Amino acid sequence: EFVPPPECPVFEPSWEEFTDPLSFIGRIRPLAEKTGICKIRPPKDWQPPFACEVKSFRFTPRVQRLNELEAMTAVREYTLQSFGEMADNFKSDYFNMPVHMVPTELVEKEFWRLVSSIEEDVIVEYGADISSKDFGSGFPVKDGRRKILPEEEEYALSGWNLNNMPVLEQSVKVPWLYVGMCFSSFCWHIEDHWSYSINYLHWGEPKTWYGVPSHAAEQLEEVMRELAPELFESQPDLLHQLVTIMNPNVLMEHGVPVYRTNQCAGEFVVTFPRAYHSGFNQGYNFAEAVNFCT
C-alpha cells in the first residue's frame, strides 16, 4: 500500500519570466529549495523541435533488476524505434491494457511493490547516461556544419536549451540523454559538487520524480546507513549512490520530507544543490539533463 508523497511545486512562468532561466530559478528559490525539486512548464507556444539524428541512433541499454537489493538478503542493442516497440510491448503486456491507459499511480504502486518483491522478478532496460557529443543533443544546436531550420533558430539560442546552461564551476560538460521504458529507474543521489541539475523531457510518457530538500540530506544519509545492506555500509557515497534505492515511504516514516511529481513531455525538472532525488519512467520517453552552476 504505497502512499504517494505530496506534490512538489509546479511553476508556469510567463513569457516575461521565461526569458532568463538563472534569473527565474533564483526567484523561485525560497520555495523550491524547501522541496528539493520543482517542475517548470514553459509557455505553451514554446515547443522545441526534436533534433537528434534518429536513423543512426543506436545504443545498448543497461539492464535493471528491480529487486536486486532484496535478492541479496541476454543483452540487446537497439535503435530508438526498436526500443520503443520493446518498451510499449512490455508495458502493454504487463498491465494488459494500452500503454496510455495505465494510470501513473498504478505504475507507481506496482514499481515499489516490485522493488521489494522477492517472489516475482522483473527486469527492464534503460538507455541511461548517453552522451550528447556522441549522439547529438535533443535540442537544436548551432555548429557550423550541422544545420538547422530558421523556425528552430530561436530554440538553438534559447537559454532553456540545455546546451546553453552555464557549466563551468569557478575556481583559481555536455548534456546526457536518457531513453526510458516502464519501470526504468534511477536511485537516490545528489549531483557532483552539489550542483544544480535540470532535466527536460523531450517526448514520451511521464518521468516520476521524488525529491528531498537539502536541509534533510544528512537525515536521509543516516536513514540509508541504518537500513542499507551491511556490505555497502562502508562504501563512499559516490559508489553507494549507485545502489541507494529506497521506498520514499520508508524515508517519510523516519521524518524525512519527500516530494513527488510527474514530469510530462515538454516540462522541466530542476533539482537544487544537495537535493537528493530518485525516480522511474512511466513508459517510453526521452529526457535530457545537465549539471549547471549558479
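We call the rigid core the largest set of C-alpha positions that still match within 1.5 Å between the two forms. Residue numbers here begin at 1 and follow the sequence given.
Per-stretch RMS Cα distance to the displayed form in 9 other deposited structures of this protein, following rigid core alignment, is highest for 138 to 146 when 125 to 133 and 138 to 146 are compared. The segment from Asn96 to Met97 is modelled without interruption, since every residue of the deposited sequence in that interval carries coordinates. Gap check for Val172 to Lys173: 10 or more deposited residues are absent from the model.
For the pair 75 to 83 and 123 to 131, the mean Cα B-factor is higher in 75 to 83. Stretches 96 to 104 and 134 to 142 differ in mean C-alpha B factor, with the higher average recorded for 134 to 142. Ranking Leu220, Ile118, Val179, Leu201 by Cα temperature factor from the entry places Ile118 first. Note on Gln263, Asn249, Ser56, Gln241: the highest value goes to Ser56, judged by CA B factor as recorded. Per the PDB record, residue ranking by Cα B-factor puts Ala289 in the lowest third of the chain. When the CA B factors of the chain's modelled residues are split into thirds, the value for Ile148 lands in the highest one.
Per the deposited record, the Cα B-factor of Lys44 falls in the highest third when ranked against the other modelled residues of its chain. Annotation for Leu168: C-alpha temperature factor in the highest third relative to the rest of the modelled chain, per the entry. Ranked within its chain, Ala228 lands in the highest third, by CA B factor from the PDB record.
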